[PDB]
Amino acid sequence: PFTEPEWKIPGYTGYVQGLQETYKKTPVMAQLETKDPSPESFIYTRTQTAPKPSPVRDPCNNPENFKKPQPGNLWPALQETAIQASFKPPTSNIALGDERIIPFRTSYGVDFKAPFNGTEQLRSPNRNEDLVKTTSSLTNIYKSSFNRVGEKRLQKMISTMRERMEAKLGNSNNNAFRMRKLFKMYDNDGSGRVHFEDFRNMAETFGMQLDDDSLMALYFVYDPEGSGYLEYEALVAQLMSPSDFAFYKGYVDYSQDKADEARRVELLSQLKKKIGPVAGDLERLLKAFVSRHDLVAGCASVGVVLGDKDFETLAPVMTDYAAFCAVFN
Amino acid sequence: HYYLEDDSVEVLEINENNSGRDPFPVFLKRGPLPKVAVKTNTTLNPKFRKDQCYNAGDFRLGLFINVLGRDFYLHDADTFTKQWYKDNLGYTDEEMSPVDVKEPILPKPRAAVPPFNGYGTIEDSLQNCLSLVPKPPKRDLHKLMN
Amino acid sequence: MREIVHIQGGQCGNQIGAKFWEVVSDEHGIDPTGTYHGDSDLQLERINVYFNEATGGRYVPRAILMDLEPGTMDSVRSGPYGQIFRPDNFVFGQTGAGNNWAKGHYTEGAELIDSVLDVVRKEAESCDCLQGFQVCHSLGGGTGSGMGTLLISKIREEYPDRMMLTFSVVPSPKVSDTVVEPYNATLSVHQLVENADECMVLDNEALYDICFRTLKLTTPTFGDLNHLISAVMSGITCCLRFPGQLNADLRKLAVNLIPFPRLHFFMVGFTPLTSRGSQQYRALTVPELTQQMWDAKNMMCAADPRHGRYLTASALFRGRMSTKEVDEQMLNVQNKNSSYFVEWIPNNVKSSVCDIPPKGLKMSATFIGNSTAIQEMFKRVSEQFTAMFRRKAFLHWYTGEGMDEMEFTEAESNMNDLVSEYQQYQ
Amino acid sequence: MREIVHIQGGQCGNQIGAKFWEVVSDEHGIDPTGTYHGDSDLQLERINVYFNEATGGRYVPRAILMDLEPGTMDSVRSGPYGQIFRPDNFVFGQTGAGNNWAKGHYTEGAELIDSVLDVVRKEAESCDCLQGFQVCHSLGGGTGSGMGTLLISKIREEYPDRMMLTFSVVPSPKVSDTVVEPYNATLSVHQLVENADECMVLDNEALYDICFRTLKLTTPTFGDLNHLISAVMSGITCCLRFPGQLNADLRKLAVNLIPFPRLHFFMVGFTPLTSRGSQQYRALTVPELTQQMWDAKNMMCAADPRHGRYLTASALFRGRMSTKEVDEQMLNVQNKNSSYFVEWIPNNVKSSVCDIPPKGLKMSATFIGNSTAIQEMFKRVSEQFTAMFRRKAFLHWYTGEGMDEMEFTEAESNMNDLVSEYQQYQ
Amino acid sequence: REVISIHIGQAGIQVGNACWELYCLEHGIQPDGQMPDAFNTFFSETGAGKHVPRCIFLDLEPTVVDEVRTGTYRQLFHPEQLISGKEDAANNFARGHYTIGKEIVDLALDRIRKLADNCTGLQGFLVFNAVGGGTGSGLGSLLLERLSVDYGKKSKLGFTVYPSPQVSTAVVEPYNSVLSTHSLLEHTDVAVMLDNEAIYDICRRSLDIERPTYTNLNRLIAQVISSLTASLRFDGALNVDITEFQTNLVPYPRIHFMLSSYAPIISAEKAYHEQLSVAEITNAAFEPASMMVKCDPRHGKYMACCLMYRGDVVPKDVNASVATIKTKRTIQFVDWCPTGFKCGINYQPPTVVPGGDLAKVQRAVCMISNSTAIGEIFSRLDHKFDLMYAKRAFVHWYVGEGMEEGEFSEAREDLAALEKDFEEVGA
Ligand SMILES: Nc1nc2c(ncn2[C@@H]2O[C@H](COP(=O)(O)OP(=O)(O)OP(=O)(O)O)[C@@H](O)[C@H]2O)c(=O)[nH]1
Ligand SMILES: Nc1nc2c(ncn2[C@@H]2O[C@H](COP(=O)(O)OP(=O)(O)O)[C@@H](O)[C@H]2O)c(=O)[nH]1
Ligand SMILES: Nc1nc2c(ncn2[C@@H]2O[C@H](COP(=O)(O)OP(=O)(O)O)[C@@H](O)[C@H]2O)c(=O)[nH]1
Ligand SMILES: [Mg+2]
C-alpha cells in the first residue's frame with residue numbers, strides 16, 4: 001500500500017504542488033501522478049520533455065538588436081541606388097503556447113487502455129502456440145515451409161492480396177487512414193518489425209486469410225534469419241499501387257532541393273556514360289603528363305569535350321588524376 | 001553594466017519591437033552582485049564584502065554568470081571594455097574575441113516544379129505551372145539578328 | 001464524411017482564408033508542400049472534411065477563392081501554403097469592382113458567378129455528404145460583399161438542405177476605412193437576413209483593442225488579426241475534425257442558438273489570449289478560461305453585452321477536461337449575473353468538448369453568443385444610412401447601373417424591423 | 001484554505017511591499033526566479049496563503065501594485081525578487097498625484113479605482129476562502145493617502161465580511177517630509193476610522209533610533225527601515241502558515257484587541273534586535289525576549305507608551321518555547337507595572353505561540369500594542385490642522401479640484417472626538 | 001438465459017462501452033475476444049475461442065462509433081453490430097423521429113431480429129438511451145415503437161439519461177425530453193432515471209474526486225447494471241430474473257419509474273478503515289445523498305423496493321436490515337402496499353476495474369425503488385418546458401422537420417395527466 005509520510009490523507013486541505021492539473025482521479029492516485037508521472041499527463045511533459053526550438057521567433061538570431069542603429073546618408077545626391085528596399089509583410093508570429101505539448105491523447109485512449117500487462121498482445125484466434133514456444137532452429141521451419149509450399153504459389157498469393165488491397169479503398173477522402181490500418185497505425189516502436197502472429201492478425205483484420213504454412217513461406221522469403229520479424233515497408237510496396245503507396249508512407253519529399261539533387265545525379269550519370277568507354281586511355285595520357293587547364297588538353301586530345309559546365313558538375317566529385325579516372329571507371 | 005566606480009552591477013533588459021513583454025527599463029537594480037549564497041538573517045539585509053562580490057576579473061567572455069540563480073552566458077563586449085581588459089588584466093587579443101550565440105533557421109520546403117506533361121513543348125508548358133496567368137516564352141532575338 | 005466547402009471573397013476573404021488554411025494545415029500536420037508530416041494517426045481520419053487526396057499523398061483543400069483583382073492572387077501564392085491550392089480554384093475576373101455593391105451584384109457577377117457556380121458545383125458533387133458551406137468575406141468592399149452575396153443567394157436557391165456559416169467583417173465608425181460602408185453594409189445584411197443560415201459578426205475595432213490590451217503587441221499587422229479569427233474558425237470546426245466526450249456539429253450549434261429564423265446574429269469570443277510576457281505568470285484552469293471568455297473586452301464585436309441581453313450562448317472546449325467543472329462554471333456564470341439573460345428560456349448555454357487542443361496549446365474555448373446587443377451595431381449603421389439617404393449622397397453611382405430607390409427602402413425597412421424585434425425580445 | 005490579499009499603494013507603501021515579499025518568499029523558500037527550493041514540507045503546507053502555482057512551478061505572489069507615477073513601477077520590478085509579481089498586477093496610472101489628497105481621491109480616483117477594483121475583485125474570486133485584506137501605504141502622500149484610502153472605502157463596500165489590516169506610516173514633527181502632511185494625514189484618518197478595521201501605524205523617526213541605537217547601524221538606509229517593517233508584517237500572519245501550540249489568526253487578533261469599534265489604532269514592536277557586533281554576547285530566552293518587548297525604546301511609533309495606558313495588547317511568539325514561561329512572563333509584566341494597564345479589564349495581554357521561528361533566528365516574537373498613548377500622535381496632527389486652517393493656507397490646491405471646506409471642518413470634528421475617547425479611558 | 005443490450009445516442013454508446021468493458025473483465029475475457037458457461041447470457045460462443053456480445057450500438061454520428069471501432073476493443077465488437085449513420089440529429093426529436101429514423105431503424109430492426117433468432121432462451125431487452133439529445137430520444141422512441149409491434153410480449157427495461165434540474169448541457173433538452181416521454185410512457189416496461197448532477201455530487205462527495213468526467217459516471221453506471229443483472233449471470237441463495245422487476249415494482253401499467261441507489265461508494269483510502277457490514281450499506285442505500293436521481297424521497301412515499309445483494313451476505317442479516325429499515329419512520333410507505341420489499345441475493349462479489357476508483361469489496365447492495373418524487377421531477381421539468389413553449393421558441397426547427405404543434409400540445413397534456421396520476425396514487 002501507500003503508507004509513507006509523503007502520501008497524504010484524502011481529507012487533506014493543505015497544499016500539494018500541482019494538484020490543480022489533475023482530474024478524474026482519486027487524491028492518492030493524484031499524488032502518485034505528480035511525483036511519479038505517466039507519459040500521458042501534463043505534469044510529465046512540463047518536467048521531462050525537451051524544448052522544441054522555434055528559431056524564427058528568437059530575438060537573439062537577429063543581430064541588429066545588440067547595437068543601436070546608427071544613421072547613414074539620406075542625401076539624394078550622395079546615393080548609389082534609387083530604389084529603397086521594399087518592406088516585407090511581417091510574418092504572423094504570435095506565440096500562444098509552448099511547442100512541447102503533443103496534443104493527441106484522446107480521452108478513450110487514456111480511459112480504455114488494455115487493463116492488464118499481458119492483454120495488449122492481442123493474439124489471433126487461429127495461431128500455432130508451438131511456434132511461440134521458441135522451438136529450435138526457426139530457420140529450418142522457414143526452409144521446410146517454403147519447400148512445402150513452392151515459390152510459384154507466393155507469387156499468386158501476393159498478386160491476389162494486391163487485388164484485395166486494390167479492391168478495398170474504393171473511393172473516399174479518408175482512404176489513406178484505412179491503408180495505415182494495416183501496420184503503421186496499431187504500432188509502437190516505429191522500427192518496422194512485425195512478429196508472425198501479429199502479422200497473421202493484421203492480415204485477417206483485412207481479409208487475407210493466410211494459413212501458417214503459407215505464412216512461414218513469406219518469412220523465408222522476406223526474413224532469411226532466425227529473428228522472425230518482417231519489414232513491411234518492403235512488403236506492402238508490392239501489394240499497393242505506387243501512386244497510393246505514398247499515402248501509406250505518409251511523407252515523401254517533393255522539395256526543390258531533392259529535385260536539384262536528382263538533376264545532379266542525372267548529369268553525373270550522363271557524363272559517366274560519356275567518359276566511360278574512353279576512360280581506359282585517359283589515365284594513360286594523364287600519367288604521360290595535374291592541373292585543370294592541363295586536364296582540358298588531355299580530355300580534348302583523347303576525344304571528349306570538357307568545358308566549364310563540365311567542371312562545375314565535376315567539382316563535387318574531385319578536389320587526383322588516379323581517383324578521378326577510377327571513379328570514371 | 002559593471003560600474004568601476006562602485007563595483008556595482010546593473011542588468012538592463014533590451015526590448016524588441018512587438019515583443020510580448022511589457023516595457024520595463026531595468027531588469028536588476030544597481031547593487032553589487034552576491035556571487036555566493038549567504039545564510040540570510042531576517043533582521044539585517046546582508047552586508048556583502050568585495051571578496052564575496054563579483055569582480056571585473058571574473059567575466060571571461062564565454063563563461064556563465066550565476067546572477068541570482070539565472071545563468072547568463074555573456075558573449076560580447078564593447079571596444080572600451082576590450083581595451084580596458086587588455087590594458088589592466090593583461091588579456092590577449094584572442095580572449096576578447098566575441099563568441100557567436102547564433103542558431104540557424106531552416107528554410108521551408110518549397111516544392112519543386114512538376115515534370116512536364118508530354119503534350120506541348122517544354123518551354124510553352126513551363127509557364128502554366130510557373131505563373132497563374134500564362135505568358136508566352138521569350139526568345140534570344142539578340143542572337144537571332146546576329 | 002461530413003463535408004465542409006470553403007468560400008473566400010474579396011481581399012479580406014483571401015487573406016483570412018490563407019491564414020485559415022495555414023492553421024488547418026498545421027493542425028492536420030501537412031507541410032507547405034502538401035504532404036503529411038504528423039506523428040499521431042488521429043490526424044488522418046478526419047482530413048476528408050477539408051482536404052481532397054490527389055496523387056502521391058497530396059491533400060489539396062476544398063476551397064474557392066473568389067475576387068476580381070490579380071493583386072490578391074499574387075498575395076495568395078506569395079506566402080507559405082500558397083502552392084497547395086489547385087489553380088482551378090482561383091476563379092478570378094479581370095476588372096475589379098472597387099467598393100460598388102451594384103458592380104458587385106449585377107454587372108461583374110453576370111460573368112463571374114457562372115464559372116464560380118460551375119467550380120463549386122463540381123466541388124460539391126466531388127464529395128458525397130456535405131455538412132454545408134463556410135464563407136468568409138467583407139461587407140464594405142465591393143468585389144467581396146456583392147459577389148459573395150449573390151453566390152450566397154445562388155447556393156441557397158440550389159441547395160437549401162445544407163448548413164451555412166458567414167464570417168463577415170462589419171465596419172465600425174472609428175475604424176472607418178471606406179466611405180460607402182453603409183451603402184454596401186445595409187445591402188449585404190439585407191440580403192443575408194433571408195439567405196444566410198447564421199452569421200458571425202467580425203470587426204477590426206474590438207480586435208485591435210484585443211491585441212493592444214490583452215496581447216500587448218506594439219504594431220500588430222492585419223496578419224495577426226487574421227491569425228486570431230483563424231483560431232476562431234478552427235475552434236468552431238474542431239468537433240467534426242476530432243473526437244471528444246460530447247461532440248457538437250454545426251447543425252447542433254445552429255439549433256441550440258437560433259430560436260427564431262431572423263434572430264441569427266452572434267457575438268464571438270476566444271480564449272486564452274495573453275501576452276507572451278504574461279504567459280508564464282498565470283495558471284490554465286477552467287474559471288481562468290471562463291473569466292476571460294465572459295468578459296466584455298474579449299468579444300470580437302463592437303457591442304457591449306452589458307448594454308443588452310443574451311438570447312442563447314455556446315461554448316466549445318478543446319482539450320482533455322473535467323466536464324464537472326465545465327458545466328458548474330457555466331451554471332455559476334448563469335446564476336451570479338442573472339440579470340443579463342433572457343427569462344423565458346432556462347439553460348441558455350450550450351457546451352461541448354473535443355479532446356484535441358490546437359497545437360502548442362493545452363486547453364482552449366470558443367464562444368458564440370446570440371445576444372441582442374447586435375441591434376446597437378445595426379442601429380449605428382442604420383442612422384448613418386438614413387443620414388446619407390436623407391438627401392441622396394453618392395446615389396447616382398448606384399442608380400445608374402440597374403438598382404433603384406426601393407432597394408434602399410426595403411433595406412431600411414428590413415433593418416428597422418430587425419432592430420425593433422431585437423429590442424422587443426430584450 | 002485562508003488567503004491573504006496584499007495591496008501596495010503609494011510610493012512608500014510600494015517599496016515596503018517589495019521588501020515584504022522578500023522575507024516572505026524567503027521563508028517559504030521560493031527563490032528570486034520563481035521556483036520553489038525549500039527543503040522541508042512544512043513550507044509547502046501553506047504556500048497558497050501568499051502564492052499560487054501558475055504552471056511550471058512558477059509561484060506568483062497574490063498582490064496588487066498601484067500608483068500613479070511610472071517611477072515606482074521600475075524600482076519595484078527592477079530590484080531583487082522583482083521578477084515574480086504578475087505583470088498583469090501592475091495596474092497603474094499615468095500622471096502622479098504629488099502630495100495632493102484631492103487629486104488622489106477625487107480626480108484620478110474617478111478613472112483608476114474601477115481599474116484597480118478590477119484586478120482586486122478578480123483576485124478575490126481567484127482564491128477560495130478570503131481571510132482578509134492587507135494594505136501598505138502612507139498617510140502623507142498623494143496616491144497612498146488618496147488612492148489608498150479611497151480603495152479602502154470601496155473594498156469595504158464590496159466585501160463587508162472580511163478583515164482589514166493597514167500598515168501605514170505616519171508623519172513626525174521634526175522629520176517633516178512634505179508641507180501638507182497635516183492636511184493629507186487628517187483627511188485619511190477621517191476616512192480610516194470607518195472602514196479600516198485595525199490600523200498598525202508606523203513612522204520613521206522611531207525606526208531611525210531603532211536602527212541606530214539597537215542595531216547600531218551607521219548608514220541606516222531605507223533598505224534597512226523597510227526591512228524592519230517587512231519583518232513585523234510577516235510576524236502578524238505567522239499562525240496562518242505554520243503550526244503551533246496556540247494559533248492566532250487575523251480575526252483572533254482583532255477580538256482580543258478592540259473593545260470598542262473606534263479604539264483600534266495599534267502600535268507594533270519586534271524582537272530580538274541586536275547588532276551583529278554583540279549577537280553572541282547575549283542570551284536568547286523568554287525572560288530576555290520579553291524585557292525587549294515591553295521596553296519603550298522598542299516600539300515603532302514615536303509615542304512613548306508610558307505617557308498613557310495599555311487598554312490591551314498581544315504577543316505572538318515563534319519557535320519552541322515553554323508556555324508556562326510565557327504566561328508567567330506576561331503576568332509579572334502585567335502586575336509589576338500595573339499602573340500602566342487599565343483597571344476595568346482582566347488579562348490585558350493575549351499570548352500566542354507558533355512553532356517555526358523565522359529564518360536567521362531561533363526564537364522570535366512580535367508585539368502589538370493597543371495603547372492610549374497613540375492619541376499624542378493625532379493631537380499633534382490635529383492641532384497643526386487648525387494652525388493652517390486658521391489661515392486657509394495651501395487650501396486652494398485642495399478646493400481647486402472639487403473639495404470644499406466643510407470636509408476639512410469634519411476632519412477636525414472626527415479627529416478631536418477620537419482623541420477624546422482615548423483620553424476618556426486613561 | 002440471455003439478454004440483448006441496446007445502446008442509443010452518444011451517451012448510450014459510452015455507457016455500453018464502459019458496461020461491456022466491465023462484463024469482459026468479470027467473466028475473464030481478454031480484449032482480444034477470448035480467455036487466456038456463466039458468460040452465456042452476454043457472450044455468444046462462435047467457432048472456437050471467441051466471445052461476441054449480443055449488443056448493438058446505434059448512432060447517427062460516425063465519430064464516437066469509429067472511435068470505438070479503432071480503440072482497444074477492436075476485435076471484440078465485430079464491425080456490423082455497431083450501426084452508424086452519416087449525420088446526427090443535432091438535438092432534435094423531429095429530425096430523429098421522422099427523417100433519419102426511416103433509414104436507420106429498419107437496418108437496426110432487421111439486425112436485432114437475427115441476433116434474437118440466433119439466441120435461444122432470450123430473456124428480454126435492456127436499453128440505455130439519452131432523451132436529451134436528438135439521436136437517442138427520437139430514434140430511440142422510434143426503435144421502441146417498432147420493437148413493441150414486432151414482439152411486445154418480451155420485457156424491455158429502460159435506463160434513460162434525463163436532464164438535471166439546474167445544470168444542463170443543452171437548450172432544447174425539454175422539448176426532446178417531453179417528446180420522448182410521451183411514447184416512453186406506453187412502451188417501456190420499467191424505466192430508471194440516471195441523472196448526471198446526481199452522480200457528479202456522489203462522485204465528488206463519496207469517492208472524493210475533485211474534478212471528474214463522464215467516464216467516472218459511466219463506470220458507476222456499469223457497476224449498477226452488473227449488480228442488478230448478477231442474478232441472471234451467477235448463482236445465489238435467492239436470485240431474481242428480470243421478469244421479477246416489473247412484477248414486484250410495477251403496480252400499475254403506467255406507473256413505472258424507478259429510482260436507483262448504490263452502496264458502498266468507497267474509494268481505497270476509506271475502504272481500509274470502514275468496517276463494511278450489510279447493515280450500514282443497507283442503511284446507506286436509503287439516503288437521498290446516495291441516489292442516481294436528483295430527488296428527495298422525504299417529500300415522496302415509497303411504492304415498492306427491490307434489493308440486490310452481491311457477495312458474502314447471509315440472509316439472516318439482510319432480513320434483519322430490511323426489518324430495521326421498515327421500523328425506522330424516517331421513511332414512510334404507501335398504504336396501497338403494506339409489504340413492499342423484494343430481495344435477491346448473489347454470491348459473486350463485485351469486480352474491480354483497474355482504472356476505476358472503487359476498492360475491492362466484500363459486499364454490495366443495489367436498491368431500486370418506486371416513489372412519488374418522480375412525479376415531482378416531471379412537473380419541475382414541465383414548468384420550464386412551458387416557460388419556453390409559451391413563446392414559440394425553437395419550434396420553427398420542428399415544424400420545418402415536418403411536425404406540428406399538435407404533438408407539442410399532446411405531450412404537454414400527457415405530462416399533465418401523468419402529474420395528476422402520480423399525485424392521486426400518492427394517496
Ligand atoms: N452520464 C453520462 N451522460 C452522458 C454521456 N454521454 C452523453 N451524456 C449526456 O448526453 C447528453 C447529450 O446527448 P448526446 O447523447 O450527446 O446526443 P445524442 O443523444 O446522440 O443526440 P445528438 O447530439 O443530436 O446526436 C448530455 O447532456 C450528456 O449529459 C455519458 O457518457 N455519461
Ligand atoms: N481582419 C482583416 N480585415 C481586412 C483584411 N483585409 C481587408 N480587411 C478589411 O476589409 C475592408 C475592406 O475590404 P475590401 O478589400 O475593400 O473588400 P473587397 O474590395 O470587396 O475585396 C476594410 O474594412 C478592412 O479593414 C485582413 O487581412 N484582415
Ligand atoms: N519607511 C519608509 N518610508 C518611506 C519609504 N519611501 C517613502 N517613505 C515615506 O513616505 C513618505 C512620502 O510618501 P509619498 O511619496 O508622498 O507617497 P505618494 O507620493 O502618495 O506615493 C515620506 O514621509 C517617507 O518617509 C521607504 O522606503 N521606507
Ligand atoms: Mg448525439
# chains A, B, ... in the order shown; residues from 1 in each chain; ligands from 1

call {"tool": "residues_around", "arguments": {"residues": "residue C:358", "least_positions_apart": "3", "cutoff": "10 Å", "atoms": "only C-alpha atoms", "output": "PyMOL selection string"}}
result
(chain A and resi 96-97+101-104) or (chain C and resi 23-24+26-28+231+234-235+238+318-319+361-364)

call {"tool": "write_last_selection", "arguments": {"atoms": "C-alpha atoms", "output": "short mmCIF file (atom, residue, chain, number, x, y, z; two decimals), in the first residue's frame"}}
result
data_model
loop_
_atom_site.label_atom_id
_atom_site.label_comp_id
_atom_site.auth_asym_id
_atom_site.auth_seq_id
_atom_site.Cartn_x
_atom_site.Cartn_y
_atom_site.Cartn_z
CA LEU A 96 0.19 31.19 -27.88
CA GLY A 97 1.77 28.29 -26.03
CA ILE A 101 2.59 19.95 -25.99
CA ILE A 102 1.83 16.96 -28.18
CA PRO A 103 -1.97 17.29 -28.07
CA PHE A 104 -3.01 13.91 -29.49
CA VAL C 23 -3.76 26.85 -39.27
CA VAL C 24 -5.68 23.94 -40.75
CA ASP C 26 -0.82 23.00 -39.11
CA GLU C 27 -3.44 21.20 -37.03
CA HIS C 28 -3.51 18.33 -39.53
CA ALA C 231 -8.08 30.41 -34.42
CA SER C 234 -10.62 26.35 -36.25
CA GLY C 235 -12.33 26.39 -32.86
CA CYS C 238 -12.97 21.42 -34.22
CA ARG C 318 -10.88 21.77 -26.72
CA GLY C 319 -8.54 19.63 -24.67
CA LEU C 361 -1.98 24.95 -26.60
CA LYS C 362 -3.22 22.91 -23.66
CA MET C 363 -6.87 23.87 -23.26
CA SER C 364 -8.98 26.41 -25.13
#

call {"tool": "interface_residues", "arguments": {"of": "chain A", "to": "chain D", "cutoff": "8 Å", "atoms": "only C-alpha atoms", "output": "PyMOL selection string"}}
result
chain A and resi 13-18+46-47

call {"tool": "residues_near_ligand", "arguments": {"ligand": "ligand 1", "cutoff": "6 Å", "atoms": "only C-alpha atoms and all ligand atoms", "output": "list in words"}}
result
residues 246 of chain C; 9, 10, 11, 14, 15, 88, 89, 90, 91, 130, 132, 133, 134, 135, 136, 169, 196, 214, 217 and 218 of chain E

call {"tool": "residues_near_ligand", "arguments": {"ligand": "ligand 3", "cutoff": "8 Å", "atoms": "only C-alpha atoms and all ligand atoms", "output": "number ranges by chain"}}
result
D: 9-16, 67-68, 96-99, 104, 137-146, 169-171, 176-178, 203-204, 207, 222-223, 225-226, 229

call {"tool": "write_last_selection", "arguments": {"atoms": "N, CA, C and O atoms", "output": "short mmCIF file (atom, residue, chain, number, x, y, z; two decimals), in the first residue's frame"}}
result
data_model
loop_
_atom_site.label_atom_id
_atom_site.label_comp_id
_atom_site.auth_asym_id
_atom_site.auth_seq_id
_atom_site.Cartn_x
_atom_site.Cartn_y
_atom_site.Cartn_z
N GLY D 9 0.07 50.41 -2.30
CA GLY D 9 -0.20 51.68 -2.92
C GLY D 9 0.80 52.74 -2.50
O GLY D 9 1.51 52.57 -1.51
N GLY D 10 0.85 53.83 -3.24
CA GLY D 10 1.73 54.93 -2.89
C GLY D 10 3.16 54.67 -3.28
O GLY D 10 3.51 53.67 -3.90
N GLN D 11 4.02 55.62 -2.92
CA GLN D 11 5.45 55.45 -3.10
C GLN D 11 6.06 54.72 -1.91
O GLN D 11 6.83 53.76 -2.09
N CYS D 12 5.73 55.15 -0.70
CA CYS D 12 6.18 54.45 0.50
C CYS D 12 5.67 53.02 0.53
O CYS D 12 6.45 52.07 0.59
N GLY D 13 4.35 52.85 0.48
CA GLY D 13 3.78 51.53 0.59
C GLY D 13 4.29 50.56 -0.45
O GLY D 13 4.35 49.36 -0.21
N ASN D 14 4.67 51.07 -1.62
CA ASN D 14 5.17 50.20 -2.67
C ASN D 14 6.49 49.56 -2.27
O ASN D 14 6.63 48.34 -2.28
N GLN D 15 7.47 50.39 -1.90
CA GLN D 15 8.80 49.87 -1.62
C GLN D 15 8.80 48.90 -0.45
O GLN D 15 9.51 47.90 -0.47
N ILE D 16 8.01 49.19 0.58
CA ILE D 16 7.94 48.28 1.71
C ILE D 16 7.44 46.92 1.26
O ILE D 16 7.93 45.88 1.71
N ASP D 67 -0.30 52.77 -8.15
CA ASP D 67 0.33 54.08 -8.02
C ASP D 67 -0.13 54.94 -9.19
O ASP D 67 -1.05 54.57 -9.92
N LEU D 68 0.50 56.09 -9.36
CA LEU D 68 0.13 56.97 -10.46
C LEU D 68 1.31 57.51 -11.25
O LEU D 68 1.09 58.16 -12.28
N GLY D 96 0.43 60.92 -11.69
CA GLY D 96 1.06 61.16 -10.41
C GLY D 96 0.35 62.24 -9.63
O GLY D 96 -0.05 63.26 -10.21
N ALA D 97 0.19 62.05 -8.33
CA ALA D 97 -0.59 62.97 -7.51
C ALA D 97 0.26 64.12 -6.97
O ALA D 97 -0.04 65.29 -7.23
N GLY D 98 1.31 63.80 -6.22
CA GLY D 98 2.13 64.84 -5.64
C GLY D 98 1.50 65.51 -4.44
O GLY D 98 1.11 66.67 -4.52
N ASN D 99 1.36 64.78 -3.35
CA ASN D 99 1.02 65.32 -2.03
C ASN D 99 -0.35 65.98 -1.98
O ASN D 99 -0.68 66.61 -0.97
N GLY D 104 -5.63 62.70 -5.57
CA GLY D 104 -5.51 61.27 -5.39
C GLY D 104 -6.78 60.57 -4.99
O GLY D 104 -6.82 59.34 -4.95
N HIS D 137 0.55 51.54 2.80
CA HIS D 137 0.52 52.84 2.15
C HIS D 137 0.87 53.91 3.17
O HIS D 137 0.87 53.67 4.37
N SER D 138 1.15 55.10 2.66
CA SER D 138 1.45 56.23 3.53
C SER D 138 0.19 56.99 3.89
O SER D 138 -0.89 56.75 3.35
N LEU D 139 0.34 57.93 4.82
CA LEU D 139 -0.74 58.82 5.19
C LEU D 139 -0.45 60.27 4.83
O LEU D 139 -1.31 61.13 5.02
N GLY D 140 0.74 60.55 4.30
CA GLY D 140 1.09 61.91 3.94
C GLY D 140 1.28 62.08 2.45
O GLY D 140 1.43 63.20 1.96
N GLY D 141 1.29 60.97 1.72
CA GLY D 141 1.46 61.03 0.28
C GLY D 141 0.19 61.48 -0.41
O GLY D 141 -0.83 61.80 0.20
N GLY D 142 0.27 61.50 -1.74
CA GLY D 142 -0.90 61.79 -2.53
C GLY D 142 -1.62 60.52 -2.94
O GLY D 142 -2.80 60.34 -2.66
N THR D 143 -0.89 59.60 -3.59
CA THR D 143 -1.52 58.39 -4.09
C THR D 143 -1.75 57.38 -2.98
O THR D 143 -2.78 56.70 -2.96
N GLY D 144 -0.82 57.27 -2.04
CA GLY D 144 -1.02 56.37 -0.92
C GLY D 144 -2.16 56.81 -0.02
O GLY D 144 -2.94 55.99 0.46
N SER D 145 -2.27 58.12 0.20
CA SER D 145 -3.34 58.62 1.06
C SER D 145 -4.64 58.77 0.30
O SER D 145 -5.70 58.38 0.79
N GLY D 146 -4.58 59.34 -0.90
CA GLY D 146 -5.77 59.45 -1.72
C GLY D 146 -6.23 58.12 -2.27
O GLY D 146 -7.25 57.58 -1.83
N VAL D 169 2.48 54.40 7.49
CA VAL D 169 3.46 55.29 8.09
C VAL D 169 2.78 56.60 8.41
O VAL D 169 1.91 57.07 7.66
N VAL D 170 3.13 57.19 9.54
CA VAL D 170 2.52 58.45 9.97
C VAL D 170 3.62 59.49 10.04
O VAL D 170 4.80 59.16 10.21
N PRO D 171 3.26 60.77 9.91
CA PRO D 171 4.27 61.82 9.98
C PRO D 171 4.87 61.95 11.37
O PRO D 171 4.45 61.32 12.34
N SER D 176 9.94 66.37 8.94
CA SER D 176 8.79 66.76 8.13
C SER D 176 9.12 66.48 6.67
O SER D 176 9.95 67.17 6.07
N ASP D 177 8.47 65.47 6.10
CA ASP D 177 8.79 65.10 4.72
C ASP D 177 8.13 66.04 3.72
O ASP D 177 8.79 66.55 2.81
N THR D 178 6.83 66.27 3.85
CA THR D 178 6.12 67.18 2.97
C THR D 178 5.66 68.39 3.77
O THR D 178 5.90 68.50 4.97
N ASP D 203 6.12 54.75 11.70
CA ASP D 203 6.77 56.03 11.48
C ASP D 203 8.23 55.77 11.12
O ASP D 203 8.66 54.62 11.00
N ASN D 204 8.99 56.84 10.96
CA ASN D 204 10.40 56.73 10.59
C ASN D 204 11.34 57.11 11.72
O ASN D 204 12.29 56.38 12.00
N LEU D 207 11.98 54.44 13.88
CA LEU D 207 12.79 53.37 13.33
C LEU D 207 14.24 53.78 13.18
O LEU D 207 15.12 52.92 13.21
N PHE D 222 17.03 53.19 3.62
CA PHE D 222 15.67 52.67 3.56
C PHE D 222 15.64 51.16 3.43
O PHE D 222 14.72 50.51 3.92
N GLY D 223 16.65 50.58 2.77
CA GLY D 223 16.75 49.14 2.69
C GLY D 223 16.81 48.46 4.04
O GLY D 223 16.66 47.24 4.12
N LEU D 225 15.26 50.23 7.13
CA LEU D 225 13.96 50.54 7.70
C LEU D 225 12.89 49.66 7.08
O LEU D 225 12.13 49.00 7.79
N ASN D 226 12.83 49.62 5.76
CA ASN D 226 11.85 48.79 5.08
C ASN D 226 12.04 47.31 5.41
O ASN D 226 11.09 46.54 5.28
N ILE D 229 10.13 46.88 8.97
CA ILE D 229 8.70 46.83 8.70
C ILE D 229 8.34 45.54 7.98
O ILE D 229 7.28 44.96 8.21
#

call {"tool": "closest_atom_pairs", "arguments": {"of": "chain C", "to": "ligand 4", "cutoff": "9 Å", "atoms": "only C-alpha atoms and all ligand atoms", "output": "JSON lines"}}
result
{"residue": "C:246", "atom": "CA", "partner": "ligand 4", "partner_atom_place_in_ligand_line": "1 (Mg)", "distance": 7.8}
{"residue": "C:247", "atom": "CA", "partner": "ligand 4", "partner_atom_place_in_ligand_line": "1 (Mg)", "distance": 7.1}
{"residue": "C:248", "atom": "CA", "partner": "ligand 4", "partner_atom_place_in_ligand_line": "1 (Mg)", "distance": 7.7}
{"residue": "C:252", "atom": "CA", "partner": "ligand 4", "partner_atom_place_in_ligand_line": "1 (Mg)", "distance": 8.8}

call {"tool": "closest_residue", "arguments": {"among": "E:223, E:160, E:188, E:215", "to": "chain C", "atoms": "only C-alpha atoms"}}
result
E:215

call {"tool": "atom_distance", "arguments": {"atom1": "atom CA of residue E:304", "atom2": "atom CA of residue E:177"}}
result
25.6 Å
